[PDB]
Amino acid sequence: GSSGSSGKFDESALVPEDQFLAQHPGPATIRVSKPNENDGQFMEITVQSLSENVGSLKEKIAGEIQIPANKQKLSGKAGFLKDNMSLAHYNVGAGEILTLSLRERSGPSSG
């Protein structure tokens, strides 16, 4: 049993995927940076639930950029997010931002 509020992000006291999940019942808008950009503008990819697997997300964007989850790589605060892992586990929800990197920059494809 436990309960309380939070403010600053602590490394030696991160919220468990179990708590992070409930903490946010509704959908959490996950912001993702553009492939080979930053100053430009980010996209808006929300997920009904956080429990979802990082992979399921890569698919959503994979449509806009037209790139297979395999090609594009997702990186999170902690590091390269694994499709097998979930979002809540990494503490991603209405606050955390993920980055999208393109596998081997094309060249003739500018913004």
# chains A, B, ... in the order shown; residues from 1 in each chain; ligands from 1
$ select_by_dssp --residues "chain A" --states "strand (DSSP E or B)" --output "PyMOL selection string"
chain A and resi 28-32+43-47+53+73-75+80+86+97-101
$ write_last_selection --atoms "C-alpha atoms" --output "mmCIF file, in the first residue's frame"
data_model
loop_
_atom_site.group_PDB
_atom_site.id
_atom_site.type_symbol
_atom_site.label_atom_id
_atom_site.label_comp_id
_atom_site.auth_asym_id
_atom_site.auth_seq_id
_atom_site.Cartn_x
_atom_site.Cartn_y
_atom_site.Cartn_z
ATOM 1 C CA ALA A 28 -1.566 10.081 -23.638
ATOM 2 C CA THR A 29 -0.407 12.186 -26.586
ATOM 3 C CA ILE A 30 3.095 11.021 -27.499
ATOM 4 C CA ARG A 31 5.180 13.614 -29.338
ATOM 5 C CA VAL A 32 7.773 12.405 -31.847
ATOM 6 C CA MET A 43 4.194 15.105 -35.038
ATOM 7 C CA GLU A 44 1.193 14.142 -32.906
ATOM 8 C CA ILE A 45 0.840 10.429 -32.167
ATOM 9 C CA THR A 46 -1.490 9.502 -29.307
ATOM 10 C CA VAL A 47 -2.088 6.022 -27.898
ATOM 11 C CA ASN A 53 4.343 -1.913 -27.064
ATOM 12 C CA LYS A 73 14.720 3.538 -34.992
ATOM 13 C CA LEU A 74 13.067 5.025 -31.905
ATOM 14 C CA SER A 75 15.199 6.490 -29.115
ATOM 15 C CA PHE A 80 16.958 3.001 -27.960
ATOM 16 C CA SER A 86 6.249 -0.867 -23.164
ATOM 17 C CA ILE A 97 9.298 12.953 -25.782
ATOM 18 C CA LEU A 98 10.709 10.318 -28.135
ATOM 19 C CA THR A 99 13.089 10.867 -31.050
ATOM 20 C CA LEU A 100 12.957 9.249 -34.491
ATOM 21 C CA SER A 101 16.151 8.463 -36.399
#
$ select_by_dssp --residues "chain A" --states "helix (DSSP H, G or I)" --output "count of residues only"
23
$ closest_residue --among "A:23, A:56, A:48, A:36" --to "residue 102 in chain A" --atoms "only C-alpha atoms"
A:36
$ atom_distance --atom1 "CA of residue 27 in chain A" --atom2 "CA of residue 9 in chain A"
21.1 Å
$ atom_distance --atom1 "CA of residue 72 in chain A" --atom2 "CA of residue 51 in chain A"
21.3 Å
$ closest_residue --among "A:78, A:62, A:6, A:104" --to "residue 20 in chain A" --atoms "only C-alpha atoms"
A:6
$ atom_distance --atom1 "CA of residue 68 in chain A" --atom2 "CA of residue 21 in chain A"
27.1 Å
$ closest_residue --among "A:49, A:3, A:19, A:41" --to "residue 94 in chain A" --atoms "only C-alpha atoms"
A:49
$ closest_residue --among "A:37, A:108, A:88, A:103" --to "residue 14 in chain A" --atoms "only C-alpha atoms"
A:88
